[PDB]
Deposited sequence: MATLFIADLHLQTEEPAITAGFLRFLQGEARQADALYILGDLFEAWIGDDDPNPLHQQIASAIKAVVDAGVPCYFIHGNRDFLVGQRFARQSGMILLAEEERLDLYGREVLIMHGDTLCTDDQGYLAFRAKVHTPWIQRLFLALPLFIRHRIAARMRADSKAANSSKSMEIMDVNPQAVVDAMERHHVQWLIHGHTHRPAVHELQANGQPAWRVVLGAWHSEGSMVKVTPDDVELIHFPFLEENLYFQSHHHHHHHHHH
């Protein structure tokens, strides 16, 4: 089976999500043919030179899955678009493009974070265009770490002071551009399986969940497609009247 996750939004103030992700990497992921992380692995990223210990702890844990023989792949989210090749090397992950077409047991599947499908959020798309401009990334990454941390903290506060869903036509256009009947994405935090029509045939759009209270993954096998919700930790059973 091939596994997909997204929207973990890891951060040091949420240690329970980190613990659930480490348990996932130590168990379930080790049996996978491959693991794909479709963006928003981290709540924020200001560059690969950041000494945040959470970054090394996560890199080591992913690298152990890779060393155990499970290739791991990453598509950027809107939160963590600055993840680069230094972190790819540290973690053993392979960085992928904004859109990729995969062969999953004979089934053609498009994968992306999903924010580029949210063409009705013009203000998000304006932000995205700015922070994906190469000279703007190069300028930001040149700034001292402590300045970058101050900028990011301020920008997060400003944003906090509701993620828009995908545009249906943008979904059809992406699935027809790639001539696929299957699409897996995250970003909208609305886990679902949607049936639509693309390329003159039934088509499906599978959406991952955010890791709020529990984890979410999509498991693709040669036989089926599974959207799975599971607890972060091993909830031990323990023991009413008639």
- Task: Residue ranges with no C-alpha coordinates, please: along the deposited sequence, counted from 1, in order.
- Result: 1, 163 to 169, 248 to 249, 253 to 259
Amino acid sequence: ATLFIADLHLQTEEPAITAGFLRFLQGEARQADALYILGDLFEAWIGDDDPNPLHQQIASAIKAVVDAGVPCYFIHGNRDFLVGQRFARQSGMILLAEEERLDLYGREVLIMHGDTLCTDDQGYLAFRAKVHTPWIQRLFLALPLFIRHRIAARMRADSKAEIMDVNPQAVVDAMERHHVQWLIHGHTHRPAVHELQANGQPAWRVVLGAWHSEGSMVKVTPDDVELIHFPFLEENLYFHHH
From here on, numbers count along this sequence of modelled residues.
- Thinking of the other compared PDB entries, is residue 161 one of those residues unmodelled in at least a third of them? yes
- Using only the Cα atoms and their B-factors as the entry lists them, report which of 186 to 194 and 38 to 46 averages higher. 186 to 194
- Message: Mean CA temperature factor from the deposited coordinates, higher in 57 to 65 or in 174 to 182?
- Response: 174 to 182
- Which has the highest CA B-factor per the PDB entry: 80, 108, 100, 115? 108
- Please work out which residue in 160, 148, 89, 76 has the highest C-alpha B-factor recorded for this crystal structure. 160
- Message: Test of reading the entry: by CA B factor among the chain's modelled residues, which third contains residue 71?
- Response: middle
- Of the three thirds of the chain ranked by Cα temperature factor, residue 227 occupies the lowest
- Can you tell me which third, lowest, middle or highest, the CA B-factor of residue 129 falls into for its chain? highest
- Task: Quick one: classify residue 30 as lowest, middle or highest third of the chain based on its Cα B-factor.
- Result: middle
- Should residue 93 be placed in the lowest, middle or highest third of its chain by the C-alpha B factor in the entry? lowest
